[PDB]
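Fold and contact review
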Amino acid sequence: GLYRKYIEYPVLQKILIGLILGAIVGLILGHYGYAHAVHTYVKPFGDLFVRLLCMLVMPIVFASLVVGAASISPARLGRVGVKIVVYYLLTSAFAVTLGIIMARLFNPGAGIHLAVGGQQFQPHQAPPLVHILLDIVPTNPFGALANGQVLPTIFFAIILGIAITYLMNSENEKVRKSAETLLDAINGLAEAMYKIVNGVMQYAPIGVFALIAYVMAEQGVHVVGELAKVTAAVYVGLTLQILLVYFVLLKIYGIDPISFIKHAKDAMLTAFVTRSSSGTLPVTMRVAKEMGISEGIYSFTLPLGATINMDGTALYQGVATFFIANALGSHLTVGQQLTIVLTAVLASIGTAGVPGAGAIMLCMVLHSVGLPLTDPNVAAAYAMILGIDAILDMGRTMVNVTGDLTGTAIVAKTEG
Amino acid sequence: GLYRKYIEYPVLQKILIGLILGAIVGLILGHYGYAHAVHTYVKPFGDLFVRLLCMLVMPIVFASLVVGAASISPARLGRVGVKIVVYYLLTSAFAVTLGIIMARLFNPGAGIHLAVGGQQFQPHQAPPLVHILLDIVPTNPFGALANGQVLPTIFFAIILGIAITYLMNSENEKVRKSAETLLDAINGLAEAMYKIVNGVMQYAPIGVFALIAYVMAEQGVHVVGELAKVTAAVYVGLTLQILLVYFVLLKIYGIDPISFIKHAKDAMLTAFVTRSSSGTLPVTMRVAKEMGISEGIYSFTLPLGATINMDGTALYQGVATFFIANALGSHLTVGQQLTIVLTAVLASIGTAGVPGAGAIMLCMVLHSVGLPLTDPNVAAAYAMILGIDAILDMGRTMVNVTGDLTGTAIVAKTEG
Amino acid sequence: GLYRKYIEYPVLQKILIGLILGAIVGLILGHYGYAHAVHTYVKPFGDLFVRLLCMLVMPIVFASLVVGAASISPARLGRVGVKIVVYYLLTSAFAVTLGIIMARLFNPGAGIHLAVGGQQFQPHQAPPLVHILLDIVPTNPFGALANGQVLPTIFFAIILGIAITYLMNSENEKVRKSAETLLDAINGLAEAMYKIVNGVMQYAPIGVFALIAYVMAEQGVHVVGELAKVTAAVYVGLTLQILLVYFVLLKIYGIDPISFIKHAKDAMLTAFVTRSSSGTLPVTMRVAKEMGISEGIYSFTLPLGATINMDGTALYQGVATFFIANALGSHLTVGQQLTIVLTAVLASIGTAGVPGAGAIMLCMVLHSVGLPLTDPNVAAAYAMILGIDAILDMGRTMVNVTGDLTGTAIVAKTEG
Ligand SMILES: N[C@H](C(=O)O)[C@H](OCc1ccccc1)C(=O)O
Ligand SMILES: N[C@H](C(=O)O)[C@H](OCc1ccccc1)C(=O)O
Ligand SMILES: N[C@H](C(=O)O)[C@H](OCc1ccccc1)C(=O)O
């Protein structure tokens, strides 16, 4: 039973084994001058992995933001809801700004030049500011859904979800059942896409093996230092995010951070091992139960925080969208970084935590900046940043779960 | 509480105030030579209003015509249903023909030449008649839904709704629950789009202010006379529609029109004040109760007439699609006017009455004629016709409610 | 009552009458040199028929394969399910291979050259093998759904259906109701498309009359011999399919074929007369009851076999996609025939049997080979193969029902 041996084996150790064997086989076949053979016989598996993730980008955008804007809408929110939603959004924006800062303080992907076709990627000239601020609103929702265009789909999905929740509180019965049926169908589409991404991340060791094999064979030993710089920038940014943001917010609101980080050890460690937010929700509820938090103020925010409070994933956005920019020669302008901040805050507003979906949110961010996955240079830089996704997901899920308990404790010790 | 002051204030007086202040500020800044400044600092708000309405065009088309063809279908209709549906369609066609006649008898938008880019809008050459009569049927329903193409979406939506009602009367159970689930999801999409257009028409005073400010600053005082000609043509056409059509039909069918128009005073006046058809449905039912109409012959037609019997909105189509044509230098050919008649009859077959959706049906009509909102001349002429939408909606809702009671009385006094 | 006379008249005799009168009127108007008049005054009706079928292609693909992959998925299958699903797929593949063989052994559509615009259809050059094997997976599911692209829609629909069934077996309640709501909405879309194709095949006599009239007037008497060669190739292939495949499989598994083909006479004959698979399901259940088949092993496979076991329809695919290739001068390469095998196996995985849907599966096959219905030569060859669809559907439904009882008997006499 080779198939039942392969699936029952755990995912994280499998991707780590595929990554290590991919680096070894890629460097060995790159020393022997076998780069074109390993290219034409190995690289299509990683291309299939990249194409499966790019397939799963857009329905996750539409359905997840409809459901999440249906879970965040001002039609059904109290004081605790607004009080923690403004905290979650204002923390995600400062986390992606810290990701920009930590990508500027290091140099992820410098030195290497990824002109794979013989020409560098030249960025198309930016429109005026009012043209992009008007082109956020789509002319056609099916049109903006039918070819790329992450930001108009984001706007239309948020507006449609807020309208669905305003529809579910009317005196009529037929429109209430109709809005409930539409919201349940879109929620089923979102959860079906999450089951497909669970299957794709089950396939993911072979794709990581192929991508890292081709990358180590073509670029050489010179790329593992820049990947180590990427890992160092991400983990230093996450540690400084935890320290600065959560510790200063807890000391302003009067909660001692050492006892908090002692009590949150289980909720951090099971998110480090099992790289999921929805899978660590009973452990997070147990940690919030053993802290002194009231029942109706932790039994509402933690299922909301497992959906709308990706704090480390936005820092990974801010580091990775600058690594992919610096690994192509170009650089992002001021006015293209606020697009990263907007499309890293509004993307993590409905996505439930499944392992390996930051690789989908990365294409969501890149498709709105001007670095699309159709050009051959971004498809190589995204491969280089996708090959080390498993050693970053364990980092960017722990702070994603830590921010939930931080916001729950801050909202708890300002009302009672 | 500036926001709760702004929303709780009524909509119609707000749009009238924004229109008057927009005309005043536009003429004053046009006398001082400040046209480029008011352009680049004011016109994007009206562009955002136009882009929100153009966003809301196409899902209203698909979902509203699926629901309305599900409410008009020959699978579930008696004698009264066919007897009033053929009346409603044959009255809407003659109303849009009277709109064409009243646009020809006046001259809406003559004299002005809207070459904003330095070139006039040249119409693309028409295909043969059998090419457009075959291109009514789409090759791809998702394809015709994904880029414009109002008439193929209209055809596919009507066919899908008739198929849904033929599906809901079968002996099986699974396909009955499946058709009910699909129809309820599409109905929820339609009502969600109507809640979005209620929000957009709540935003609408700032957009009307910006559009009329830019229009009075660029074109000058010479455009308010043509807008007055448009209002005069619309209201003369609506008054002659009421008089000729309803009075001669009531005198042929033997009902005295003076006592009818005395009894229908509440249903006319509350539709003039509150510019809605669904909002005046209990008042219309009360007026039909105080007329001598049988219970099962007024308790069926008035919720149907509030959906499929827009008689004044089609006259506004027939006047406005000729105003936008005459304000660009071109003229509509015979064979392009039957497209206006078809896309003004089939558009008002599922749309429930919400205030300010004639501006969406106008883009529905214009996108099928050859005057799309992407070219810069039609986006200015549509702005000029959109800035005075509030002083036309009160006119074109009163006859829209009057035709309901007229058809109810005609169908009542031919059976009992 | 001309309309109620026309609809209540049976469909098959109506299409046969339209075919015979179309051939007669086409040959008579072709002898008098009246080809351009019968073209410009008759051919648009057949073009409307072709456009209605091309409209109904793509939603049947998406919805039918979502439902059929939801009915074939490995999440809910026993030993009997896998045992008969691998039989059905391995029989459909050998049936379409026998269709390729029977199209090679005859010469369907040779001699005639269909350069209607003055130029022959030149095939676009094929990409490498790994490019098409990677382009099976879409980059955008709404994108691949929005312009043609049958194979990416097929892949995404099968993956989404398997994910829906894996979603309907979880411990949560909200995601179970959500997956059930999404699957029921897609099933309602599929059954609505089947009701539309029932209406289009009700219209079909006028379209068959127009297509055969234009074909006999333009090409002449020389095309009825090649159409007779097509009918002979299809029926010889179906008879050899029955004989070889079913008789050798029944003699290997130890069931006497003469008593089987004596008992299956009702289920063959009512499928020959009423050309449907879902309409002959009680007769097929009655035949399996009068054979010696256990209750839980014939009450599961025959509603599955009426959906996923089109054996003669795949042979009609294999003959017709080579007739349309040979009637244009070009020829299909090895590597374009495995596309026919794949898109003739995976297409008949969710489609319930309705009369005249092989004309839709033919466009499904042709749109993935490189013979699209937009070029004017394939739109004439598809007309020539569509005009004789009624005298082929009776053949390709009988073996479609016979394979159900064959697989049921084979699966029955290997377990008990
Ligand atoms: N690890 C994070 C989590 O599960 O919470 C992260 O969350 C998924 C996610 C977060 C934001 C946007 C899309 C998808 C991931 O797994 O990539
Ligand atoms: N005033 C009319 C009404 O509400 O009945 C009119 O009706 C909305 C309508 C009518 C026809 C097509 C689309 C939308 C409008 O408000 O613009
Ligand atoms: N005659 C066959 C049947 O009904 O079983 C055949 O089945 C329909 C079908 C079969 C395969 C793919 C699509 C549609 C047809 O009618 O064309």
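Residues are labelled from 1 along each chain in written sequence order, independent of how the entry numbers them, and those without coordinates are excluded. In the order they appear in the text, chains get letters beginning with A and ligands get numbers beginning with 1. Think of the side-chain values as coming from all heavy atoms in the structure, minus any hydrogens and water.

Per the PDB record, the structure was determined using cryo-EM to 3.39 Å resolution.

**Some remarks on the overall build of chain A**
Helices and strands together make up the secondary structure of chain A, namely 20 helices and 0 strands. The quantity called the radius of gyration is restricted to C-alpha atoms. Its globule counterpart is 2.2 Å times the number of residues to the power 0.38. Its C-alpha radius of gyration of 22 Å places chain A within 12% of the 22 Å reference for a compact globule of 416 residues. Considering chain A as a whole, with its 416 residues, one finds that 57% of them fall into the buried category. Throughout, a residue-residue contact means that at least one pair of heavy atoms, one from each residue, lies within 4.5 Å. A fraction of 84% describes how many contacts in chain A between residues 6 or more apart in sequence connect residues 24 or more apart. Each accessible area is a Shrake-Rupley estimate made with a 1.4 Å probe; only the visible protein chains count as cover when residues are assessed. Accessible surface computed for chain A: about 17,000 Å², of which carbon and sulfur atoms make up 64%. Across chain A, 22 positive and 20 negative side-chain charges occur, with their mean positions spaced 4 Å apart. Secondary structure counts use DSSP, requiring at least four H or I residues in a row for a helix and at least two E residues in a row for a strand, with both numbered from the N terminus. The rule is simple: take the accessible area with a 1.4 Å probe, protein chains only, and divide by the maximum for that residue type; under 20% is buried, over 50% is exposed, in between is partly exposed. Residues scored as positive are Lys and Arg, those scored as negative are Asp and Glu, and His as well as the terminal groups of each chain are ignored. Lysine's charge is taken at NZ, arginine's at CZ, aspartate's at CG and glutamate's at CD.

**Topic: unusual backbone geometry**
In this structure, B:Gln149 is a non-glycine residue whose phi angle is positive, near 60 degrees. Mapped onto the secondary structure, B:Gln149 falls in the loop between α7 (141–146) and α8 (150–167).

**So, the relation of the copies chain A and chain B**
Between copies, superposition follows a least-squares criterion applied to the C-alpha atoms. Of the two same-sequence chains, chain A is brought onto chain B (RMSD 0.0 Å, axial shift 0.1 Å) by a rotation of 120 degrees. Within this description, the copies of the chain are treated as partners about a three-fold rotation axis. When each C-alpha of chain A is compared by its distance to the rotation axis, A:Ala146 comes out closest, at 3.7 Å. A low fraction, 8%, of the interface residues of chain A reappear at the interface in chain B, so the copies pair through non-equivalent surfaces.

**Quick look at the nonpolar core**
Among buried residues, those of type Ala, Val, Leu, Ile, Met, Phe, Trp, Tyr and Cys that are joined through side-chain atoms within 4.5 Å constitute a nonpolar core. In terms of nonpolar packing, the biggest core is built from 428 residues, with A:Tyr382, A:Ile385, B:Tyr382, B:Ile385, C:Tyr382 and C:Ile385 touching the most fellow members. Looking at which element gives the most residues to this core, the answer is helix α9 (residues 174–218) of chain B, with 20 residues. In contact with C:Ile385, not counting residues within four places along its chain, are C:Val230, C:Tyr316, C:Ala320, C:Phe323, C:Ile324 and C:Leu362.

**A few points about the site of ligand 3**
Residues and elements named next belong to chain C. It suffices for a single heavy atom of a residue to lie within 4 Å of a molecule or strand for the residue to be listed as near it. With respect to spatial proximity, 17 residues lie near ligand 3, and among them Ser277, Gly358, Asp393, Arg396 and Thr397 are the closest. By the criterion applied in these results, polar contacts are pairs of N or O atoms within 3.5 Å in which, for protein atoms, one can donate a hydrogen and the other can accept it, and in which residues neighboring in sequence qualify only through two side-chain atoms. Within the side chain of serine 277, a nitrogen or oxygen atom sits 2.3 Å from an oxygen atom of ligand 3. Interatomic distance of 2.9 Å between a backbone N/O atom of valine 354 and an oxygen atom of ligand 3. Within the complex, 98% of the 400 Å² of free accessible area of ligand 3 lies under protein. Among the secondary structure elements, those contributing two or more residues to the shell around ligand 3 are α18 (358–369) and α20 (390–412). A total of 4 residues in the shell around ligand 3 trace back to one element, the largest contributor, which is α20. Ten residues, namely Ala, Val, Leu, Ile, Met, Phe, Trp, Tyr, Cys and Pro, are considered nonpolar, four, namely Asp, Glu, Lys and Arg, are considered charged, and the remaining ones, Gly among them, are considered polar. Residues belonging to the shell around ligand 3 are distributed by class as follows: 5 nonpolar, 10 polar and 2 charged.

**Focus on the packing of aromatic side chains**
All names here are of chain B. Aromatic pairs are defined between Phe, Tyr and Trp rings, using the six-membered ring for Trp, whenever the two ring centres lie within 6.5 Å; interplanar angles under 30 degrees are classed as stacked, those over 60 as edge-to-face, and all others as tilted. Overall, the coordinates contain 6 aromatic pairs over all chains when judged by the stated rule. Seen from their ring centres, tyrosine 87 and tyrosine 88 are 6.0 Å apart, and the 55 degrees between their planes marks the pair as tilted. Classification of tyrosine 87 by relative accessible area gives buried; the value is 12%. The class of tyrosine 88 is buried, set by a relative accessible area of 0%. For a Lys NZ or an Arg CZ to count as sitting over a ring, it must be within 6 Å of the ring centre and within 35 degrees of the ring normal. The positively charged end of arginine 396 is found above the aromatic ring belonging to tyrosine 316, 4.7 Å away from the centroid.

**Digging into the relation of the copies chain C and chain A**
Each copy of the sequence occupies a distinct position, and chain C is placed on chain A by a rotation of 120 degrees and an axial shift of 0.1 Å, giving an RMSD of 0.0 Å. Interface residue correspondence from chain C to chain A reaches only 8%, placing this contact among heterologous pairings that use different surfaces.

**Considerations on the interface of chain C and chain A**
Each partner contributes residues to the interface: chain C has 26 residues there, and chain A has 24 residues. Here the quantity called buried area is the accessible surface, traced with a 1.4 Å probe, that two parts lose on coming together, added over both. Between chain C and chain A, a total of about 2,200 Å² is buried, with carbon and sulfur atoms accounting for 73% of that surface. By salt bridge we mean one thing: a side-chain nitrogen of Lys or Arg within 4 Å of a carboxyl oxygen of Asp or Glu. Inspection of the chain C/chain A interface yields 1 salt bridge. A salt bridge links A:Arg51 to C:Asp135; the nearest nitrogen and oxygen atoms lie 3.5 Å apart. The interface formed by chain C and chain A holds 6 residue pairs in polar contact in total. No other element matches the 8 residues that helix α8 (residues 150–167) of chain C contributes to the side of chain C that touches chain A. Within the side of chain C that touches chain A, the residues separate by chemical class into 18 nonpolar, 5 polar and 3 charged.

**Regarding the site of ligand 2**
All names here are of chain B. By nearness alone, 17 residues border ligand 2, and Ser277, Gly358, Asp393, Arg396 and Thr397 come closest of all. Between ligand 2 and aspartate 393 there is a distance of 2.8 Å, counted from a nitrogen atom to a side-chain nitrogen or oxygen. Here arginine 396 contributes a side-chain N or O atom positioned 2.6 Å from an oxygen atom of ligand 2. For ligand 2, whose free accessible area comes to 400 Å², the fraction covered by protein is 99%. Ranked by the residues each element gives to the shell around ligand 2, the list is headed by helix α20 (residues 390–412), at 4 residues. Classifying every residue of the shell around ligand 2 by side-chain character gives 5 nonpolar, 10 polar and 2 charged.

**Some details on the packing of helix α3 (residues 35–55) of chain C against helix α4 (residues 57–72) of chain C**
All names here are of chain C. Axis definition: a line fitted to C-alpha atoms, over the contacting stretch in the case of helices. Angles run 0 to 180 degrees between N-to-C directions. Put simply, α3 and α4 touch, their axes get as near as 4 Å, and they point 25 degrees apart. Considering their axes alone, α3 and α4 lie roughly parallel with respect to each other. Every residue of α4 that contacts α3 at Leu53, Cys54 and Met55 is listed here: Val57, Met58 and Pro59. The residue inventory of the contact of α3 with α4, partitioned by class, reads 6 nonpolar, no polar and no charged. Any angle between 65 and 115 degrees counts as roughly perpendicular, while under 35 counts as roughly parallel, over 145 as roughly antiparallel, and the rest as oblique.

**Notes on the interface of chain A and chain B**
Chain A puts 26 residues into the contact, and the matching count from chain B is 24 residues. Summed over both sides, the interface of chain A with chain B buries roughly 2,200 Å², with 73% coming from carbon and sulfur. Inspection of the chain A/chain B interface yields 1 salt bridge. One can count 6 residue pairs in polar contact joining chain A with chain B.

**What to know about α20(B)**
The end-to-end C-alpha distance of α20(B), which contains 23 residues, comes to 34 Å, matching closely the 33 Å that a straight helix rising 1.5 Å per residue would cover. Most of α20(B) is tucked away: 21 of the 23 residues are buried. In this analysis, the expected span of each helix is defined as 1.5 Å times one less than the number of residues it contains.

**Observations regarding the state of the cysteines**
Disulfides are defined as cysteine sulfur pairs within 2.5 Å. Evaluation of the coordinates by the stated rule reveals 0 disulfides over all chains. Here A:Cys363 stays unpaired: no disulfide links it, and the sulfur of A:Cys54, its closest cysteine neighbor, is 4.4 Å away.

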